[PDB]
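Here the structure comes first, spelled out in C-alpha cells, and everything after it is commentary.
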Amino acid sequence: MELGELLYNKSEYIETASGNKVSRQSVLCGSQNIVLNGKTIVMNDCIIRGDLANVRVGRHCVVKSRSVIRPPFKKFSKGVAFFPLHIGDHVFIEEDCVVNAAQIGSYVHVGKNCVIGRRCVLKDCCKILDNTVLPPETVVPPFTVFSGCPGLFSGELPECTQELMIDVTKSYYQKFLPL
Amino acid sequence: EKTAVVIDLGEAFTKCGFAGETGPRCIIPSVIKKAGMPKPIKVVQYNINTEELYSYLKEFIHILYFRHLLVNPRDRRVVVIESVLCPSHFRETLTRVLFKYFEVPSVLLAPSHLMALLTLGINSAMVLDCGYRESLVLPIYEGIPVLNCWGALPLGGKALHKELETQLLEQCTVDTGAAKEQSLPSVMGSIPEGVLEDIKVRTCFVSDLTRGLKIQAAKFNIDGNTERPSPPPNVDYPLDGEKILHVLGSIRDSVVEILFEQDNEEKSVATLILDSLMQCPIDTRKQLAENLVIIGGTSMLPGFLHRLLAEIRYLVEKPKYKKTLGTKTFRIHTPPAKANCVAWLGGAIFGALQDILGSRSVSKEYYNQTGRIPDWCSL
Amino acid sequence: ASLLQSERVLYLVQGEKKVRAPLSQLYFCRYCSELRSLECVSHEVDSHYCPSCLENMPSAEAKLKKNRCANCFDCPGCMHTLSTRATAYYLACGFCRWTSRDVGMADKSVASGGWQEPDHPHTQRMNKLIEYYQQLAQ
Amino acid sequence: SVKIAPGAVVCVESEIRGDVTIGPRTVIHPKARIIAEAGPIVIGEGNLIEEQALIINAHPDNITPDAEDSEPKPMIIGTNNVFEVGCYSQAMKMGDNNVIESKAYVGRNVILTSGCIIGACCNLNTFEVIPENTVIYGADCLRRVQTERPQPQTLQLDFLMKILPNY
Ligand SMILES: Nc1ncnc2c1ncn2[C@@H]1O[C@H](COP(=O)(O)OP(=O)(O)O)[C@@H](O)[C@H]1O
Ligand SMILES: [Zn+2]
Ligand SMILES: [Zn+2]
C-alpha cells in the first residue's frame, strides 16, 4: 500500500529454525527430499510434496496460503520419473497459486491463483500476473510479463527488478513477526 | 540504403512490414492497452485534441517498430499509406510524431487507391475501397487520381457491425446456463465490437442478387404474404464461455443487404462505382469500366465480388445509367495479394524503388525548416 | 514493483514534455543533471532472441529469416510455443490439443530440418513487377 | 462404511468420508477430498486423484428438493482418469479415458466420454453431455476442438506403485 509493506502478525504455532519459518497448518509430505537453505516463509494450508523431488528454495523465499509446489513427471521413453524442481533466490509465490514447474528462476513474482504447467522453465527477473495459465513446457524470458488463459507475452517489466525485488521479500520477512 | 518500412494506419486494422516483400509481416487491431482502461482505446480517432491523439500514435508506432517489427526507426525511411481525404490534423499529427519523436529520415504520404493500382501493373483502373468507416471510390487514370469524380458512403465495417448488433437484439435467443435453455432476450444491454466482428466473419455471408432482391422486398412486406426465400440453418455462437447465443438464419443473409439496399436515394456500394464513372471524362469511360479494382477487408466477405458485379450490371439497365453506361463491359481485376493487403503491397512495391522514393518523399531536414507537409489542398 | 503499489507516488521530469512516472520506471542521466522518463528517452535495437529456445541471433540473419526462429513454432489455433512429439515426429500444443496431423502435414524423418512453410503463391509475379518499376524509376 | 480393494495404492493420510466404494488400481494423492454424502463414490481401476479434488455426492445439499423418491444418484467414475491439481468435480456418471486439467470446475450434471479434456482454470456449471473425443481450452471462452485420437495415461499411474511406499 503506497510502496510501504504492511504488518502481518503470525500465531504461536509455526516451525522457526535457522531463520526458516514454516506454518504447522501447511503439510509438506516428504520432509527428507525437500530442502530450505535460507530464511524462507511457507504460509498455512500450503503443499510441498516429496513425490521423488529435490525442492531447493531461495535465501528469502515466500509462499502465501493455499498454494502448492509439486514437481512434474517427465514422459521419457527410457524411464518415466518426477523431475526435481529448483526454486531460485528471492522467489515470491502468491496466494492460492498452483506450481507444476521445473527450474523456477531467482527474483520472480508468481501471481495469485495462477496455474503454471508441467515441465515449465522460468528464467530470472520475470512476473506472472494473477488469474493466468502457463501451459506445459513453456519458457518466459527475463524482464517479461506473461498473462491470459493462453499464457503469452503481455509486455516488459521495470528495468530495476534485481535491486527492487530484494527490498520486497526481505521487508515482508522482517515485517512478518509473531503477535 | 536500407529496405524502407511500410505502415497503413486504419480504424479496424493496421498493415506493417518491409518493402520488396510478398505481403505484410504484421497485421493487428489498431488499439493500445493503457493501464486503468478495461477496453483498449482506438489509436486513430478523428475530431479530438492534438495532444491526446499525439500520445496514442506515439504509443502505437512504438509497439509497431519494436514488438511487431524489430528495427531502429532513425536508420531507415517510412512509406505511410493513408486514404485520400484523410482528416488534415490527423495526417499532420502522424507526420509530426514520426519526424519529432522517432526522428525518421523521410515519410511518403501515398494515397491507398494509387498504390492498389501498382500491384496489378495496369496504369489506369477504377478503385473501390470498402473499409471500416466509409466505402470510398476514386478513378485513377494513367497515374493521375481524379479527385473531381470522387465518391464515398458510410456502408463499411462500422455500419455493418451496428446493423448486426441491432438485428441480434430484436431476435435475441441466448442460453446463459441458469435455467436459460428457454429463449432469453437482451440479458446483456450491448455486445462488444470484438464479438460482433467474429460473428460477421464466420456466420454471415453475402447472398446472390436474385435471392437478395427477394430478401429486400420480404422484410419490407410490401403488400405480400410471406414472400421470403428459405434461410440457412441457425448457428449457435458462445458468448463469454457459458452464454450460448443462437444466431437466426435470417440475420446472416439480411445484415449484409444494408450495403446493397437502394433506400430511395439510389445510394448503395454498387451504385457508387456507376455514380463516379458517369461523372468521369467521356474519353476515360471505357478504359476505367474494363479495369475495376475491389480492395478493403469488407469486400473479403464471402460472395461479395459476385453480388457487386451482378448488382452493377442490374443498375446499368436502370433508366438513369442506361443512356451513358448502357453498352459497357465491366470486368474485375484479381490482385496478387488478398483484398485486405492490396493497399500495403503497393507501398512495398513503391518502397523497393530507392531512387524515386528519396526524391518524392518529404525529408526531416525540410519539415524541421518549413513545418508544412504537402497536401492536395492549396499551399 | 506491482505487489507494493509503485504506481502511486510519482516523480516529475524537466524538458519540453512533463510526465508523472514512478521512480522504478524512470532513469537518471549522469552526463548532465536531469532525470528523464522511458517516454522522453530515444529507444534503440541491440539483439534479437527467441522466447522458447533462447538463442541470440544476429541482425543480418533476422532480415533473411523475417524476424523468426527456424527450430521453434507457435500454434495457430491458440498463441503458444509448440512441442515436437514422436510415435517419426508430429507438432502438438499443451494448452489446446491441436496437432500438425489435424491440418494434414506429413510427419518428418529428421526432427527440425524437415519442417517448412510453403512458398508464397504470388512471389514470381512480385519480382517481375519490381524489376519493371525499377527500370521505369531509373 | 469403506470397501478398500487390494492393488489400489490409496494413501491413508488423504481424507475420506461416507459410504465409499474404492476401485481395483486407483492411486489417491494426499489432501484429496472425497465425500459420499447421499450416494456412494464408485471408482474405476486407474482413476488416480492428484492434490485438491473436491468429489462430493451432495445433490441433497446443492438443490434439496425432497423429490425423486430416494434419489441415491450414485457417483460412477470410469477407468484411466487423471484428476489434476485443484479441479472441482460432481458428475453422477463419468466415462473412461478422460483428463480434467488443474483448477477445472466440472458442473453438477456433466457426463464425460473418452479422449475428452476440460481446460485449465476453466469453469463449466451448465449441464451438457460432452461429445466423443473433444477437448475444451480457456476460461474466457470454451472454444471446443475435436481431438484426432484419445490420449492414454497408464505409464504415469504404474510408476506411482514404486514412489508411494515410505510416504
Ligand atoms: N479476412 C477478412 N475476412 C472478412 N472480413 C474481414 C477480413 N479482414 C477484415 N475484415 C473486415 O473488414 C474490415 C476491413 O477494414 P480495413 O480495411 O482493415 O480498415 P481501414 O479501412 O481502416 O484501413 C474490418 O473492420 C473487418 O470488419
Ligand atoms: Zn526458438
Ligand atoms: Zn494451440
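Identifiers in this document derive from the order of the C-alpha cells: chains are assigned A, B, ..., residues are numbered from 1 separately in each chain, and ligands are numbered from 1 in order of occurrence.
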Neighbours of ligand 1 within 8 Å, counting only C-alpha atoms and all ligand atoms, as a compact mmCIF listing (two decimals) with C-alpha atoms, in the first residue's frame?
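pocket_2.txt, freshly written:
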```txt
# COMPACT_ATOMS: atom_id res chain seq x y z
CA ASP B 8 -1.00 1.74 -43.13
CA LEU B 9 -2.95 3.12 -40.08
CA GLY B 10 -6.67 2.06 -40.30
CA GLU B 11 -9.62 2.31 -37.83
CA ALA B 12 -10.05 -1.53 -37.61
CA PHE B 13 -6.57 -2.96 -38.53
CA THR B 14 -3.03 -1.58 -39.32
CA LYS B 15 -0.79 -3.27 -42.00
CA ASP B 129 -12.07 0.81 -51.14
CA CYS B 130 -14.74 -0.82 -48.85
CA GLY B 131 -13.06 -0.11 -45.45
CA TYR B 132 -14.27 0.07 -41.80
CA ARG B 133 -15.59 3.70 -41.61
CA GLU B 134 -16.53 4.65 -45.25
CA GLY B 156 -18.31 -0.28 -44.50
CA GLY B 157 -17.44 -2.41 -41.41
CA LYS B 158 -18.73 0.08 -38.75
CA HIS B 161 -21.28 -4.11 -37.20
CA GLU B 197 -16.74 -8.76 -35.81
CA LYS B 200 -19.87 -11.25 -39.08
CA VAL B 201 -16.73 -13.08 -40.46
CA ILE B 295 -9.72 -3.57 -52.18
CA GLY B 296 -10.70 -3.37 -48.45
CA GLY B 297 -11.48 -6.14 -45.90
CA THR B 298 -15.30 -5.56 -46.16
CA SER B 299 -15.13 -6.99 -49.77
CA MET B 300 -13.41 -10.19 -48.38
CA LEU B 301 -16.90 -11.26 -47.03
CA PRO B 302 -17.80 -14.49 -48.91
CA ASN B 340 -7.21 -6.65 -47.21
```
Please check which protein, DNA or RNA residues sit within 10 Å of ligand 3, counting only C-alpha atoms and all ligand atoms, and write them as a PyMOL selection string.
-> (chain A and resi 135+150) or (chain C and resi 74-82+92-99) or (chain D and resi 137)
At most 10 Å to chain B: residues in chain C, only C-alpha atoms, as JSON, numbers by chain | {"C": [39, 40, 41, 42, 43, 44, 45, 46, 47, 48, 59, 62, 63, 66, 67, 119, 120, 121, 122, 123, 124, 125, 126, 127, 128, 129, 130, 131, 132, 133, 134, 135, 136, 137, 138]}
Using only C-alpha atoms, which of A:36, A:102, A:48, A:42 sits nearest residue 136 of chain A?
-> A:102
DSSP helix (DSSP H, G or I) residues within chain A, as a ChimeraX atom specification = /A:162-175
Can you tell me which residues sit at most 7 Å away from ligand 2, counting only C-alpha atoms and all ligand atoms, written as a JSON list (two decimals) with C-alpha atoms, in the first residue's frame?
```json
[["chain", "number", "residue", "atom", "x", "y", "z"],
["C", 50, "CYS", "CA", 13.55, -16.47, -29.34],
["C", 51, "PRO", "CA", 11.39, -16.63, -26.18],
["C", 52, "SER", "CA", 11.15, -20.52, -26.28],
["C", 53, "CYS", "CA", 14.69, -21.66, -27.39],
["C", 54, "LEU", "CA", 16.78, -18.70, -26.05],
["C", 55, "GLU", "CA", 19.27, -18.26, -28.98],
["C", 69, "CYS", "CA", 13.28, -18.81, -35.29],
["C", 70, "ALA", "CA", 13.64, -21.79, -37.73],
["C", 71, "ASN", "CA", 13.57, -24.54, -34.99],
["C", 72, "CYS", "CA", 10.69, -23.23, -32.75]]
```
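Non-sequential neighbours of segment 16-33 of chain D (distance at most 6 Å, separation of 4 or more positions within a chain, only C-alpha atoms) are residues 1, 2, 3, 4, 5, 7, 8, 9, 10, 40, 41, 42, 43, 44, 45, 46, 47, 48, 49, 50, 51, 52, 53 and 54 of chain D.
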Excluding segment 254-270 of chain B and residues on its chain fewer than 5 positions from it, collect all residues at most 7 Å away from it, counting only C-alpha atoms, and give them as a PDB file with N, CA, C and O atoms, in the first residue's frame.
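And here's part.pdb as it stands now:
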```pdb
ATOM      1  N   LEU B 155     -21.026   2.767 -45.695  1.00  0.00           N
ATOM      2  CA  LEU B 155     -21.514   1.372 -45.868  1.00  0.00           C
ATOM      3  C   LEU B 155     -20.309   0.426 -45.816  1.00  0.00           C
ATOM      4  O   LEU B 155     -20.122  -0.366 -46.761  1.00  0.00           O
ATOM      5  N   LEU B 160     -21.945  -1.969 -40.830  1.00  0.00           N
ATOM      6  CA  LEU B 160     -22.355  -3.399 -40.873  1.00  0.00           C
ATOM      7  C   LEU B 160     -22.394  -3.976 -39.450  1.00  0.00           C
ATOM      8  O   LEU B 160     -23.371  -4.686 -39.141  1.00  0.00           O
ATOM      9  N   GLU B 163     -25.448  -2.675 -37.658  1.00  0.00           N
ATOM     10  CA  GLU B 163     -26.655  -3.326 -38.241  1.00  0.00           C
ATOM     11  C   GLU B 163     -26.824  -4.733 -37.654  1.00  0.00           C
ATOM     12  O   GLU B 163     -27.982  -5.114 -37.389  1.00  0.00           O
ATOM     13  N   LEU B 164     -25.724  -5.472 -37.469  1.00  0.00           N
ATOM     14  CA  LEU B 164     -25.721  -6.839 -36.876  1.00  0.00           C
ATOM     15  C   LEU B 164     -26.207  -6.765 -35.423  1.00  0.00           C
ATOM     16  O   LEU B 164     -27.091  -7.567 -35.064  1.00  0.00           O
ATOM     17  N   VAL B 206     -22.644 -13.087 -47.973  1.00  0.00           N
ATOM     18  CA  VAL B 206     -23.305 -12.196 -48.973  1.00  0.00           C
ATOM     19  C   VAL B 206     -24.132 -13.073 -49.918  1.00  0.00           C
ATOM     20  O   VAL B 206     -23.545 -13.977 -50.542  1.00  0.00           O
ATOM     21  N   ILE B 215     -35.191 -10.925 -50.528  1.00  0.00           N
ATOM     22  CA  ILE B 215     -34.960 -10.624 -49.079  1.00  0.00           C
ATOM     23  C   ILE B 215     -35.321  -9.159 -48.796  1.00  0.00           C
ATOM     24  O   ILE B 215     -35.932  -8.906 -47.736  1.00  0.00           O
ATOM     25  N   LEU B 308     -21.695  -7.772 -56.131  1.00  0.00           N
ATOM     26  CA  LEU B 308     -21.343  -6.396 -56.579  1.00  0.00           C
ATOM     27  C   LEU B 308     -21.405  -6.327 -58.109  1.00  0.00           C
ATOM     28  O   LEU B 308     -22.208  -5.527 -58.623  1.00  0.00           O
ATOM     29  N   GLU B 311     -24.934  -6.790 -59.271  1.00  0.00           N
ATOM     30  CA  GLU B 311     -25.734  -5.600 -58.863  1.00  0.00           C
ATOM     31  C   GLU B 311     -25.394  -4.414 -59.775  1.00  0.00           C
ATOM     32  O   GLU B 311     -26.326  -3.655 -60.108  1.00  0.00           O
ATOM     33  N   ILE B 312     -24.118  -4.265 -60.153  1.00  0.00           N
ATOM     34  CA  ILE B 312     -23.635  -3.270 -61.160  1.00  0.00           C
ATOM     35  C   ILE B 312     -24.457  -3.444 -62.444  1.00  0.00           C
ATOM     36  O   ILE B 312     -25.161  -2.489 -62.825  1.00  0.00           O
TER      37      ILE B 312
END
```
Within 8 Å of chain C: residues of chain D, using only C-alpha atoms, as an mmCIF file with N, CA and C atoms, in the first residue's frame:
```cif
data_model
loop_
_atom_site.group_PDB
_atom_site.id
_atom_site.type_symbol
_atom_site.label_atom_id
_atom_site.label_comp_id
_atom_site.auth_asym_id
_atom_site.auth_seq_id
_atom_site.Cartn_x
_atom_site.Cartn_y
_atom_site.Cartn_z
ATOM 1 N N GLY D 119 -10.513 -27.569 -19.890
ATOM 2 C CA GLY D 119 -9.468 -26.523 -19.878
ATOM 3 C C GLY D 119 -8.995 -26.208 -18.469
ATOM 4 N N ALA D 120 -7.713 -25.860 -18.320
ATOM 5 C CA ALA D 120 -7.090 -25.448 -17.040
ATOM 6 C C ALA D 120 -7.629 -24.068 -16.647
ATOM 7 N N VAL D 135 -12.004 -31.755 -26.713
ATOM 8 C CA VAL D 135 -11.275 -31.038 -25.624
ATOM 9 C C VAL D 135 -11.775 -29.591 -25.554
ATOM 10 N N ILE D 136 -11.799 -29.029 -24.341
ATOM 11 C CA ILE D 136 -12.165 -27.612 -24.035
ATOM 12 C C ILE D 136 -10.911 -26.919 -23.491
ATOM 13 N N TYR D 137 -10.608 -25.707 -23.974
ATOM 14 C CA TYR D 137 -9.437 -24.893 -23.547
ATOM 15 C C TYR D 137 -9.868 -23.437 -23.321
ATOM 16 N N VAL D 145 -12.746 -28.074 -29.402
ATOM 17 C CA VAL D 145 -11.992 -28.662 -30.551
ATOM 18 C C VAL D 145 -12.007 -30.189 -30.406
ATOM 19 N N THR D 147 -10.455 -33.771 -30.867
ATOM 20 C CA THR D 147 -9.099 -34.386 -30.919
ATOM 21 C C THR D 147 -9.082 -35.472 -32.001
ATOM 22 N N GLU D 148 -7.898 -35.781 -32.539
ATOM 23 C CA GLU D 148 -7.694 -36.835 -33.569
ATOM 24 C C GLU D 148 -7.885 -38.217 -32.928
#
```
So that I can see what lies close to residue 110 of chain A, please list as a JSON list (two decimals) with N, CA, C and O atoms, in the first residue's frame the residues with an atom at most 7 Å from it, counting only C-alpha atoms and leaving out residues fewer than 5 positions away in the same chain.
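Saved to part34.json:
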```json
[["chain", "number", "residue", "atom", "x", "y", "z"],
["A", 92, "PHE", "N", 8.84, -15.17, -4.86],
["A", 92, "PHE", "CA", 7.57, -14.76, -4.21],
["A", 92, "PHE", "C", 6.39, -15.44, -4.93],
["A", 92, "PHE", "O", 5.91, -14.90, -5.95],
["A", 93, "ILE", "N", 5.95, -16.59, -4.41],
["A", 93, "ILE", "CA", 4.75, -17.34, -4.89],
["A", 93, "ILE", "C", 3.53, -16.76, -4.16],
["A", 93, "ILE", "O", 3.52, -16.81, -2.91],
["A", 94, "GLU", "N", 2.55, -16.23, -4.90],
["A", 94, "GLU", "CA", 1.36, -15.53, -4.34],
["A", 94, "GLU", "C", 0.33, -16.56, -3.86],
["A", 94, "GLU", "O", 0.58, -17.78, -4.04],
["A", 127, "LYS", "N", 7.71, -11.98, -14.06],
["A", 127, "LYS", "CA", 6.49, -11.73, -13.25],
["A", 127, "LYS", "C", 5.27, -12.31, -13.99],
["A", 127, "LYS", "O", 5.00, -11.85, -15.11],
["A", 128, "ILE", "N", 4.58, -13.26, -13.37],
["A", 128, "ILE", "CA", 3.31, -13.86, -13.88],
["A", 128, "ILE", "C", 2.15, -13.17, -13.14],
["A", 128, "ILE", "O", 2.17, -13.19, -11.90],
["A", 129, "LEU", "N", 1.20, -12.58, -13.88],
["A", 129, "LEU", "CA", 0.04, -11.84, -13.31],
["A", 129, "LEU", "C", -0.98, -12.83, -12.75],
["A", 129, "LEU", "O", -0.83, -14.05, -12.99]]
```
Write out as number ranges by chain every residue belonging to chain A that has an atom at most 12 Å from any atom of chain B, counting only C-alpha atoms.
-> A: 153-156
Written selection (N, CA and C atoms) as a PDB file, in the first residue's frame:
```pdb
ATOM      1  N   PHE A 153       3.323 -13.433 -23.769  1.00  0.00           N
ATOM      2  CA  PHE A 153       3.955 -12.089 -23.634  1.00  0.00           C
ATOM      3  C   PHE A 153       2.880 -10.995 -23.646  1.00  0.00           C
ATOM      4  N   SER A 154       2.717 -10.294 -22.518  1.00  0.00           N
ATOM      5  CA  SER A 154       1.814  -9.125 -22.347  1.00  0.00           C
ATOM      6  C   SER A 154       2.601  -7.818 -22.535  1.00  0.00           C
ATOM      7  N   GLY A 155       3.840  -7.763 -22.032  1.00  0.00           N
ATOM      8  CA  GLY A 155       4.710  -6.571 -22.067  1.00  0.00           C
ATOM      9  C   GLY A 155       6.051  -6.826 -21.397  1.00  0.00           C
ATOM     10  N   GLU A 156       6.726  -5.756 -20.957  1.00  0.00           N
ATOM     11  CA  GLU A 156       8.037  -5.807 -20.246  1.00  0.00           C
ATOM     12  C   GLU A 156       7.869  -5.254 -18.823  1.00  0.00           C
TER      13      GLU A 156
END
```
Could you give me, as JSON lines, a per-residue list for chain A showing, wherever an atom lies at most 8 Å from an atom of chain D, the closest pair of atoms and their distance in Å to one decimal, using only C-alpha atoms and sorting by chain then residue number from low to high?
```
{"residue": "A:29", "atom": "CA", "partner": "D:167", "partner_atom": "CA", "distance": 7.1}
{"residue": "A:30", "atom": "CA", "partner": "D:167", "partner_atom": "CA", "distance": 6.4}
{"residue": "A:51", "atom": "CA", "partner": "D:163", "partner_atom": "CA", "distance": 6.7}
{"residue": "A:52", "atom": "CA", "partner": "D:163", "partner_atom": "CA", "distance": 6.9}
{"residue": "A:73", "atom": "CA", "partner": "D:156", "partner_atom": "CA", "distance": 7.7}
{"residue": "A:80", "atom": "CA", "partner": "D:156", "partner_atom": "CA", "distance": 7.0}
{"residue": "A:81", "atom": "CA", "partner": "D:159", "partner_atom": "CA", "distance": 7.6}
{"residue": "A:98", "atom": "CA", "partner": "D:85", "partner_atom": "CA", "distance": 7.3}
{"residue": "A:115", "atom": "CA", "partner": "D:102", "partner_atom": "CA", "distance": 7.1}
{"residue": "A:133", "atom": "CA", "partner": "D:120", "partner_atom": "CA", "distance": 7.0}
{"residue": "A:149", "atom": "CA", "partner": "D:138", "partner_atom": "CA", "distance": 5.3}
{"residue": "A:150", "atom": "CA", "partner": "D:138", "partner_atom": "CA", "distance": 7.1}
```
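Residues in contact with residue 1 of chain A at up to 10 Å, not including ones fewer than 6 positions away on its chain and judged by only C-alpha atoms, are residues 3, 4, 5, 6 and 8 of chain C.
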Kindly export the residues of the current selection with N, CA and C atoms, as a short mmCIF file (atom, residue, chain, number, x, y, z; two decimals), in the first residue's frame.
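Saved file out.cif follows:
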```cif
data_model
loop_
_atom_site.label_atom_id
_atom_site.label_comp_id
_atom_site.auth_asym_id
_atom_site.auth_seq_id
_atom_site.Cartn_x
_atom_site.Cartn_y
_atom_site.Cartn_z
N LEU C 3 3.39 -5.64 -6.40
CA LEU C 3 2.92 -6.10 -5.06
C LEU C 3 2.79 -4.89 -4.13
N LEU C 4 3.88 -4.16 -3.90
CA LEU C 4 3.86 -2.77 -3.37
C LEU C 4 3.50 -1.83 -4.53
N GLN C 5 2.57 -0.90 -4.30
CA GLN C 5 1.95 -0.06 -5.36
C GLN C 5 2.89 1.10 -5.69
N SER C 6 3.95 0.82 -6.46
CA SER C 6 4.91 1.81 -7.01
C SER C 6 4.17 2.83 -7.88
N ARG C 8 1.77 4.91 -7.58
CA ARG C 8 1.02 5.82 -6.67
C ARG C 8 1.80 7.14 -6.54
#
```
Could you please tell me, as a VMD selection string, which residues of chain A have an atom within 9 Å of chain C when using only C-alpha atoms?
-> chain A and resid 1 to 5 109 117 133 to 141 149 to 152 157 to 161 164 to 165 168
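Rounded to one decimal, atom CA of residue 38 of chain D and atom CA of residue 89 of chain D lie 15.4 Å from each other.
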Report as a short mmCIF file (atom, residue, chain, number, x, y, z; two decimals) with N, CA, C and O atoms, in the first residue's frame all protein, DNA and RNA residues lying within 12 Å of residue 108 of chain C, evaluated on only C-alpha atoms, omitting residues in the same chain fewer than 4 positions from it.
```cif
data_model
loop_
_atom_site.label_atom_id
_atom_site.label_comp_id
_atom_site.auth_asym_id
_atom_site.auth_seq_id
_atom_site.Cartn_x
_atom_site.Cartn_y
_atom_site.Cartn_z
N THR C 84 7.64 -30.72 -30.14
CA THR C 84 7.84 -31.90 -31.02
C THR C 84 7.59 -33.18 -30.21
O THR C 84 8.31 -33.39 -29.21
N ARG C 85 6.62 -34.00 -30.63
CA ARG C 85 6.27 -35.31 -30.03
C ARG C 85 6.45 -36.41 -31.09
O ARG C 85 6.13 -36.14 -32.27
N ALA C 86 6.94 -37.58 -30.68
CA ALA C 86 7.26 -38.73 -31.56
C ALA C 86 6.28 -39.89 -31.29
O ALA C 86 5.50 -39.80 -30.32
N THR C 87 6.34 -40.92 -32.13
CA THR C 87 5.49 -42.15 -32.08
C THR C 87 6.40 -43.38 -31.96
O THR C 87 7.10 -43.67 -32.94
N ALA C 88 9.66 -39.64 -37.76
CA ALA C 88 8.53 -40.03 -36.87
C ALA C 88 8.31 -38.94 -35.81
O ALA C 88 8.52 -39.22 -34.61
N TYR C 89 7.90 -37.74 -36.25
CA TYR C 89 7.66 -36.54 -35.40
C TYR C 89 6.40 -35.80 -35.87
O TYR C 89 6.24 -35.63 -37.10
N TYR C 90 5.56 -35.38 -34.93
CA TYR C 90 4.37 -34.52 -35.15
C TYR C 90 4.39 -33.36 -34.15
O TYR C 90 4.86 -33.56 -33.01
N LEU C 91 3.90 -32.18 -34.56
CA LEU C 91 3.90 -30.93 -33.76
C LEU C 91 2.54 -30.79 -33.05
O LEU C 91 1.51 -30.88 -33.74
N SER C 100 -0.39 -31.22 -35.65
CA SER C 100 0.01 -30.97 -37.06
C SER C 100 -0.68 -31.98 -37.99
O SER C 100 -0.82 -31.69 -39.19
N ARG C 101 -1.10 -33.13 -37.44
CA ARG C 101 -1.83 -34.21 -38.15
C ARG C 101 -3.24 -33.73 -38.54
O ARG C 101 -3.73 -34.18 -39.59
N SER C 112 13.95 -31.34 -36.80
CA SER C 112 13.80 -29.88 -37.06
C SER C 112 13.91 -29.57 -38.57
O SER C 112 13.09 -28.77 -39.06
N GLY C 113 14.89 -30.17 -39.25
CA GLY C 113 15.27 -29.87 -40.65
C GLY C 113 14.13 -30.06 -41.64
O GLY C 113 14.07 -29.27 -42.61
N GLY C 114 13.27 -31.06 -41.43
CA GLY C 114 12.18 -31.45 -42.35
C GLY C 114 11.10 -30.39 -42.47
O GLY C 114 10.65 -30.14 -43.62
N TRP C 115 10.69 -29.78 -41.35
CA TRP C 115 9.55 -28.83 -41.27
C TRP C 115 9.87 -27.54 -42.03
O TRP C 115 11.02 -27.06 -41.95
N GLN C 116 8.87 -27.00 -42.74
CA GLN C 116 8.99 -25.81 -43.63
C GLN C 116 7.60 -25.20 -43.85
O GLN C 116 6.60 -25.92 -43.66
#
```
Give me, as CSV, the closest atom pair and its distance (Å, one decimal) for every residue of chain B within a cut-off of 8 Å of chain D, counting only C-alpha atoms, rows sorted by chain and rising number.
```
residue,atom,partner,partner_atom,distance
B:177,CA,D:126,CA,4.9
B:178,CA,D:126,CA,7.3
B:238,CA,D:141,CA,7.2
B:239,CA,D:141,CA,7.2
B:240,CA,D:141,CA,5.2
B:241,CA,D:141,CA,4.0
B:242,CA,D:126,CA,6.9
```
Prev. selection, N, CA and C atoms, output as an mmCIF file, in the first residue's frame:
```
data_model
loop_
_atom_site.group_PDB
_atom_site.id
_atom_site.type_symbol
_atom_site.label_atom_id
_atom_site.label_comp_id
_atom_site.auth_asym_id
_atom_site.auth_seq_id
_atom_site.Cartn_x
_atom_site.Cartn_y
_atom_site.Cartn_z
ATOM 1 N N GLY B 177 -27.045 -20.531 -19.179
ATOM 2 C CA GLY B 177 -26.673 -21.668 -18.316
ATOM 3 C C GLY B 177 -27.141 -21.449 -16.886
ATOM 4 N N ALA B 178 -28.377 -20.962 -16.725
ATOM 5 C CA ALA B 178 -29.033 -20.666 -15.428
ATOM 6 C C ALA B 178 -30.554 -20.690 -15.628
ATOM 7 N N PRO B 238 -20.848 -19.149 -28.908
ATOM 8 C CA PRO B 238 -20.560 -18.892 -27.494
ATOM 9 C C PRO B 238 -20.214 -17.425 -27.179
ATOM 10 N N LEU B 239 -20.847 -16.861 -26.141
ATOM 11 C CA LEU B 239 -20.540 -15.525 -25.551
ATOM 12 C C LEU B 239 -19.947 -15.714 -24.149
ATOM 13 N N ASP B 240 -18.697 -15.289 -23.944
ATOM 14 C CA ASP B 240 -18.006 -15.243 -22.624
ATOM 15 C C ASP B 240 -18.177 -16.588 -21.899
ATOM 16 N N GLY B 241 -17.914 -17.697 -22.600
ATOM 17 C CA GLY B 241 -17.922 -19.063 -22.042
ATOM 18 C C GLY B 241 -19.316 -19.667 -21.995
ATOM 19 N N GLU B 242 -20.002 -19.533 -20.853
ATOM 20 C CA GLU B 242 -21.251 -20.269 -20.507
ATOM 21 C C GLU B 242 -22.419 -19.855 -21.412
#
```
Would you give me, as an NGL selection string, the residues in chain C that DSSP reads as strand (DSSP E or B)?
-> :C and (11-12 or 20-21 or 27 or 36 or 48 or 57 or 74 or 81 or 83-86 or 89-92 or 99 or 108)
Would you work out the distance separating atom CA of residue 153 of chain B from atom CA of residue 374 of chain B, expressed in Å to one decimal?
-> 26.5 Å
